[PDB]
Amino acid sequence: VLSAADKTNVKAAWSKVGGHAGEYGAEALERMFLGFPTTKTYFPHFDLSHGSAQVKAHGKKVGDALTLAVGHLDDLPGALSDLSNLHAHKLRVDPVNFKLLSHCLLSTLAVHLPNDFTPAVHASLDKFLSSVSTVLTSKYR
């Protein structure tokens, strides 16, 4: 999400994700908690076991927010304002953790959409996830 060509790639790739955005969000969270145990610290009130209902529900919320973002690529700060305050001012999430979640989401997309996850699309997605991360941490700036 930045250049015209990147916006086109991101919109097209997310069309292929479609109604699976919630499921992929949940899986990406699972890959993150297992691969990067430092992240479990933000979720003391969750059951973090595999198949947990709370992770499922939260993954849906993450997927919906990403789906929102793709619809508002020309005004991410406006569309994601409530979430900036939450992550940066209330939760004080360490910015490094956004890079970790992004990697886990890219990993999850590779698993499920191997033919659609081309080098060009991977590069556009990376930029998109970095743009979202910047917005969510923008209160730190």
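Between two forms, the rigid core is defined as the largest C-alpha subset superposing within 1.5 Å. Residues carry their position along the shown sequence, with the first being 1.
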property: Divergent stretch in 5 other deposited structures of this protein, 33-41 or 49-57 [C-alpha RMS, superposed by the core]; result: 49-57
property: Which of 1-9 and 130-138 strays further in 5 other deposited structures of this protein - Cα RMS after rigid core alignment; result: 1-9
property: Mean C-alpha B-factor comparison - 104-112 and 58-66, higher one; result: 58-66
property: 117-125 set against 11-19, stretch whose average Cα temperature factor tops the other in the entry; result: 11-19
property: Highest-ranked of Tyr42, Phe46, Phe33, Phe98 once sorted by CA temperature factor in the record; result: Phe46
